[PDB]
Structures are given as C-alpha cells and as structure tokens.
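Student: The following file, upload_38.pdb, comprises PDB, C-alpha atoms:
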MODEL        1
ATOM      1  CA  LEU A 344     -60.661-153.404 100.990  1.00  0.00           C
ATOM      2  CA  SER A 345     -60.550-152.808 104.736  1.00  0.00           C
ATOM      3  CA  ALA A 346     -58.432-155.933 105.162  1.00  0.00           C
ATOM      4  CA  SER A 347     -56.093-154.804 102.371  1.00  0.00           C
ATOM      5  CA  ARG A 348     -55.510-151.333 103.825  1.00  0.00           C
ATOM      6  CA  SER A 349     -54.368-152.491 107.272  1.00  0.00           C
ATOM      7  CA  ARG A 350     -51.304-154.395 106.037  1.00  0.00           C
ATOM      8  CA  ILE A 351     -49.306-151.220 105.321  1.00  0.00           C
ATOM      9  CA  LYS A 352     -50.397-148.844 108.100  1.00  0.00           C
ATOM     10  CA  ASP A 353     -50.693-150.726 111.408  1.00  0.00           C
ATOM     11  CA  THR A 354     -48.178-151.360 114.179  1.00  0.00           C
ATOM     12  CA  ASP A 355     -46.832-154.815 115.043  1.00  0.00           C
ATOM     13  CA  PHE A 356     -46.693-154.841 118.835  1.00  0.00           C
ATOM     14  CA  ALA A 357     -44.496-157.949 118.929  1.00  0.00           C
ATOM     15  CA  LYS A 358     -41.474-156.295 117.310  1.00  0.00           C
ATOM     16  CA  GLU A 359     -41.528-152.769 118.768  1.00  0.00           C
ATOM     17  CA  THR A 360     -41.150-153.825 122.404  1.00  0.00           C
ATOM     18  CA  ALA A 361     -37.789-155.486 121.737  1.00  0.00           C
ATOM     19  CA  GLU A 362     -36.466-152.302 120.132  1.00  0.00           C
ATOM     20  CA  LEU A 363     -37.680-150.334 123.144  1.00  0.00           C
ATOM     21  CA  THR A 364     -35.785-152.598 125.548  1.00  0.00           C
ATOM     22  CA  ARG A 365     -32.592-152.489 123.479  1.00  0.00           C
ATOM     23  CA  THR A 366     -32.605-148.698 123.247  1.00  0.00           C
ATOM     24  CA  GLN A 367     -33.243-148.369 126.980  1.00  0.00           C
ATOM     25  CA  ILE A 368     -30.195-150.503 127.802  1.00  0.00           C
ATOM     26  CA  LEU A 369     -27.983-148.609 125.349  1.00  0.00           C
ATOM     27  CA  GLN A 370     -28.852-145.288 126.999  1.00  0.00           C
ATOM     28  CA  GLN A 371     -27.605-146.421 130.420  1.00  0.00           C
ATOM     29  CA  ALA A 372     -24.415-147.839 128.930  1.00  0.00           C
ATOM     30  CA  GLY A 373     -23.715-144.538 127.195  1.00  0.00           C
ATOM     31  CA  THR A 374     -24.327-142.460 130.314  1.00  0.00           C
ATOM     32  CA  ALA A 375     -21.992-144.577 132.450  1.00  0.00           C
ATOM     33  CA  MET A 376     -19.208-144.450 129.866  1.00  0.00           C
ATOM     34  CA  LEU A 377     -19.640-140.681 129.550  1.00  0.00           C
ATOM     35  CA  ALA A 378     -19.144-140.240 133.286  1.00  0.00           C
ATOM     36  CA  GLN A 379     -16.005-142.396 133.179  1.00  0.00           C
ATOM     37  CA  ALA A 380     -14.532-140.482 130.235  1.00  0.00           C
ATOM     38  CA  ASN A 381     -15.167-137.162 131.965  1.00  0.00           C
ATOM     39  CA  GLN A 382     -13.497-138.434 135.128  1.00  0.00           C
ATOM     40  CA  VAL A 383     -10.366-139.753 133.356  1.00  0.00           C
ATOM     41  CA  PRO A 384      -8.130-136.640 133.078  1.00  0.00           C
ATOM     42  CA  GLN A 385      -7.938-135.988 136.827  1.00  0.00           C
ATOM     43  CA  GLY A 386      -4.678-137.915 137.170  1.00  0.00           C
ATOM     44  CA  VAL A 387      -2.425-135.148 135.862  1.00  0.00           C
ATOM     45  CA  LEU A 388      -2.700-133.226 139.133  1.00  0.00           C
ATOM     46  CA  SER A 389      -0.516-135.651 141.095  1.00  0.00           C
ATOM     47  CA  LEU A 390       2.433-134.798 138.846  1.00  0.00           C
ATOM     48  CA  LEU A 391       2.368-131.180 140.025  1.00  0.00           C
TER
ATOM     49  CA  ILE B  50     -19.467-158.078 104.395  1.00  0.00           C
ATOM     50  CA  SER B  51     -21.491-156.207 107.032  1.00  0.00           C
ATOM     51  CA  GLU B  52     -22.654-153.639 104.470  1.00  0.00           C
ATOM     52  CA  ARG B  53     -23.607-156.401 102.043  1.00  0.00           C
ATOM     53  CA  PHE B  54     -25.615-158.148 104.764  1.00  0.00           C
ATOM     54  CA  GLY B  55     -27.339-154.847 105.514  1.00  0.00           C
ATOM     55  CA  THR B  56     -28.350-154.508 101.869  1.00  0.00           C
ATOM     56  CA  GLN B  57     -29.782-158.024 101.944  1.00  0.00           C
ATOM     57  CA  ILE B  58     -31.903-157.524 105.069  1.00  0.00           C
ATOM     58  CA  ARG B  59     -33.255-154.142 104.003  1.00  0.00           C
ATOM     59  CA  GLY B  60     -34.276-155.558 100.634  1.00  0.00           C
ATOM     60  CA  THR B  61     -35.941-158.531 102.304  1.00  0.00           C
ATOM     61  CA  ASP B  62     -38.337-156.345 104.301  1.00  0.00           C
ATOM     62  CA  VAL B  63     -39.868-154.549 101.321  1.00  0.00           C
ATOM     63  CA  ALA B  64     -39.938-157.876  99.478  1.00  0.00           C
ATOM     64  CA  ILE B  65     -42.217-159.189 102.232  1.00  0.00           C
ATOM     65  CA  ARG B  66     -44.483-156.182 101.770  1.00  0.00           C
ATOM     66  CA  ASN B  67     -44.744-156.692  97.998  1.00  0.00           C
ATOM     67  CA  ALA B  68     -45.714-160.341  98.456  1.00  0.00           C
ATOM     68  CA  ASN B  69     -48.499-159.368 100.857  1.00  0.00           C
ATOM     69  CA  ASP B  70     -49.867-156.873  98.328  1.00  0.00           C
ATOM     70  CA  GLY B  71     -50.002-159.577  95.662  1.00  0.00           C
ATOM     71  CA  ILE B  72     -52.044-161.731  98.042  1.00  0.00           C
ATOM     72  CA  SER B  73     -54.528-158.891  98.552  1.00  0.00           C
ATOM     73  CA  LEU B  74     -54.994-158.377  94.806  1.00  0.00           C
ATOM     74  CA  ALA B  75     -55.815-162.039  94.226  1.00  0.00           C
ATOM     75  CA  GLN B  76     -58.320-162.005  97.093  1.00  0.00           C
ATOM     76  CA  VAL B  77     -60.249-159.054  95.658  1.00  0.00           C
ATOM     77  CA  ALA B  78     -60.519-160.626  92.201  1.00  0.00           C
ATOM     78  CA  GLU B  79     -61.867-163.889  93.625  1.00  0.00           C
ATOM     79  CA  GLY B  80     -64.398-161.942  95.673  1.00  0.00           C
ATOM     80  CA  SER B  81     -65.936-160.411  92.556  1.00  0.00           C
ATOM     81  CA  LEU B  82     -65.985-163.651  90.552  1.00  0.00           C
ATOM     82  CA  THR B  83     -68.018-165.344  93.299  1.00  0.00           C
ATOM     83  CA  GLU B  84     -70.964-162.988  92.830  1.00  0.00           C
ATOM     84  CA  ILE B  85     -70.818-163.281  89.049  1.00  0.00           C
ATOM     85  CA  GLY B  86     -71.171-167.041  89.472  1.00  0.00           C
ATOM     86  CA  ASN B  87     -74.134-166.754  91.832  1.00  0.00           C
ATOM     87  CA  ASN B  88     -76.042-164.576  89.358  1.00  0.00           C
ATOM     88  CA  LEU B  89     -75.364-167.066  86.559  1.00  0.00           C
ATOM     89  CA  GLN B  90     -76.700-169.904  88.713  1.00  0.00           C
ATOM     90  CA  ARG B  91     -79.926-167.999  89.319  1.00  0.00           C
ATOM     91  CA  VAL B  92     -80.436-167.285  85.614  1.00  0.00           C
ATOM     92  CA  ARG B  93     -80.003-170.962  84.725  1.00  0.00           C
ATOM     93  CA  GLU B  94     -82.523-172.014  87.369  1.00  0.00           C
ATOM     94  CA  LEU B  95     -84.992-169.469  85.986  1.00  0.00           C
ATOM     95  CA  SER B  96     -84.401-170.687  82.417  1.00  0.00           C
ATOM     96  CA  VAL B  97     -85.033-174.357  83.227  1.00  0.00           C
ATOM     97  CA  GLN B  98     -88.662-173.324  83.678  1.00  0.00           C
TER
ENDMDL
END
Would you mind writing the file out in structure tokens?

Tutor:
Amino acid sequence: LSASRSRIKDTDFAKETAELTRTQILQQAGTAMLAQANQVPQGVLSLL
Amino acid sequence: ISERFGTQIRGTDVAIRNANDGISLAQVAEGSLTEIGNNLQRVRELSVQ
C-alpha cells in the first residue's frame, strides 16, 4: 500500500528543474523587451 | 494542428497514470494469494501425518 500511494503524490525532480530553467530565461527576455518597448516612442521629439 | 497536438499530449499524461494504477492493483492481489498458498502448503504437510 505504501508503494501504491507514492505514485500519485510525489515530485519527480528530473522534470521540474528543466521547467525552472525555462521560466527563468523567459523572465529576462520579457524584461528586456519591456524596456525596449517603453523606450520606443522617444523619437517623436525630433520632429518638433 | 497545434491544438490537436496539445490534446494528444495532455491525454497521454493521464493515460500513463492509469496504467501505473493498474500495475499496483495486480501487485496487491498477487501479494494476498502468496500467503493463501503458504497456509495450504502447511495444512497438506500436517495432513500427510
């Protein structure tokens, strides 16, 4: 019974680490693109 | 096609889980039958005398 219970409640350490790494990279990509998008509209001032 | 592939993968995961549960059920049944057999063996040995 103890063997049966563990199949549906325990963590698989081999798979979770990859998801952690992927999410960490995506966060940095998003932050950089956000800074770029914020900086974009500055070019209108030269027309004045 | 991407949505269909998503359906396929998400079904596959819970399919894996169901197969594991079937394995567990079979194991438990075999575990009980072993002890039944041992008791029968003992009774036969006692009855030979």

Student: Could you tell me which residues the ChimeraX specification (/A :<10) & /B returns for this structure, as a compact mmCIF listing (two decimals) with C-alpha atoms, in the frame of the given file?

Tutor:
# COMPACT_ATOMS: atom_id res chain seq x y z
CA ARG B 66 -44.48 -156.18 101.77
CA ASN B 69 -48.50 -159.37 100.86
CA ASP B 70 -49.87 -156.87 98.33
CA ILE B 72 -52.04 -161.73 98.04
CA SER B 73 -54.53 -158.89 98.55
CA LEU B 74 -54.99 -158.38 94.81
CA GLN B 76 -58.32 -162.00 97.09
CA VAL B 77 -60.25 -159.05 95.66

Student: With 6 Å added on each side, what axis-aligned box encloses every listed atom of range 371-374 of chain A? Give the centre and edge lengths in Å to one decimal, as JSON.

Tutor:
{"center_x": -25.7, "center_y": -145.1, "center_z": 128.8, "size_x": 15.9, "size_y": 17.4, "size_z": 15.2}

Student: Between CA of residue 366 in chain A and CA of residue 381 in chain A, what is the distance, to one decimal in Å?

Tutor: 22.7 Å

Student: Quick one: pull the distance between CA of residue 50 in chain B and CA of residue 376 in chain A, Å, one decimal.

Tutor: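 Separating CA of residue 50 in chain B from CA of residue 376 in chain A is a distance of 28.9 Å.
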
Student: Quick one: pull the distance between CA of residue 345 in chain A and CA of residue 78 in chain B, Å, one decimal.

Tutor: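 Taking CA of residue 345 in chain A and CA of residue 78 in chain B, their separation equals 14.8 Å.
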